[PDB]
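**Q** Following this message is one structure expressed as structure tokens.
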Amino acid sequence: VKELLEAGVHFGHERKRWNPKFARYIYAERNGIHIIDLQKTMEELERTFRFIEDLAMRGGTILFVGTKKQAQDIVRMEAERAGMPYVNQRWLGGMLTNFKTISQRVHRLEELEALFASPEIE
RNA sequence: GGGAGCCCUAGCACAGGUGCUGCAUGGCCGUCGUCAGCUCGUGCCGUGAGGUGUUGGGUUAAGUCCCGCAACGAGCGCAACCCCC
Ligand SMILES: [Mg+2]
Ligand SMILES: [Mg+2]
Ligand SMILES: [Mg+2]
Ligand SMILES: [Mg+2]
Ligand SMILES: [Mg+2]
Ligand SMILES: [Mg+2]
Ligand SMILES: [Mg+2]
Ligand SMILES: [Mg+2]
Ligand SMILES: [Mg+2]
Ligand SMILES: [Mg+2]
Ligand SMILES: [Mg+2]
Ligand SMILES: [Mg+2]
């Protein structure tokens, strides 16, 4: 179910345009298309998934990030399917560092959301 | 015979100056220019002066608006609120 599901839809991405560092993950190079190791993937999915579960187990929230076309929706859906913020459009500069500022903008969204369905608008 | 203004002389303390300096000033005015510009708060960059935002594409009478974007917002301006036709 693992390697089988992943092997039939995962790995074999990029070509020459790699990154020295990302070498301990590379498996082979058949067809100028670097082939990442899946047996080492499950190894990280283990630790990764383990940390994710422990985070949500203690009531932890995760902010998914995915703008690249092929992922926009996948993120929006997979995100809501769990209930947690997520920016698939354009990652504004300061979303984290400038939270107070950026986040403060949210208040406006709520005000307008209620003001639009109010009377004053009449 | 004392006194209030008040009027006078004489003396005292003071008044007056369109006399100087706009190169000690306030206030008001002109001017670039009704040009569309000039900045700030936090964030990020740089050792620093500073930068970004406000560089770019299209659009407008316009930093007007739109689309982009490590920036997200805001202020003095633009516009609108005032008068005339
Ligand atoms: Mg003089
Ligand atoms: Mg003078
Ligand atoms: Mg002068
Ligand atoms: Mg003067
Ligand atoms: Mg004008
Ligand atoms: Mg330098
Ligand atoms: Mg610094
Ligand atoms: Mg600055
Ligand atoms: Mg700044
Ligand atoms: Mg600047
Ligand atoms: Mg403006
Ligand atoms: Mg901009």
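**Q** Starting from the Cα-Cα distance between A:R90 and A:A114, subtract it from 0.36 nm times their residue separation and give me the gain in nm to one decimal.
**A** Gain on extension, A:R90 to A:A114, equals 6.2 nm.
**Q** Okay, moving on. Please give the per residue volume of the convex hull enclosing the alpha carbon atoms of segment A:46-122, rounded to a whole number of Å³. Each step should come with its number before you reach the end.
**A** Numbers: hull volume 12.0 nm³, N = 77.
With only Cα atoms used, segment A:46-122 gives 155 Å³ per residue.
**Q** Could you check the spin-label model distance between A:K2 and A:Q70? Points 7 Å from the Cα along Cα→Cβ, value in nm.
**A** About 2.5 nm, to one decimal.
**Q** Still on this structure, I have one more. What number of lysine-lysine pairs in chain A show an alpha-carbon separation below 22 angstrom, given a sequence spacing of 8 or more or placement on distinct chains?
**A** 4
**Q** Please compute the modelled spin-label separation between A:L55 and A:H10, points set 7 Å along Cα→Cβ, answer in nm with one decimal.
**A** 1.7
**Q** How far apart, in nm, are two points set 7 Å out from the Cα along the Cα-to-Cβ line at A:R24 and at A:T97?
**A** It is 2.8 nm.
**Q** Please compute P(r) over all alpha-carbon pairs of segment A:13-71, binned at 10 Å starting from zero, and give each bin as a whole-number percent.
**A** P(r) for segment A:13-71, in whole percents per bin: 18, 31, 37, 13, 1.
Read the figures in this text as sums done on the coordinates, not as results from a lab. Note that we place each Cβ from the backbone using ideal geometry, even for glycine, and neighbour counts take in every protein chain shown.
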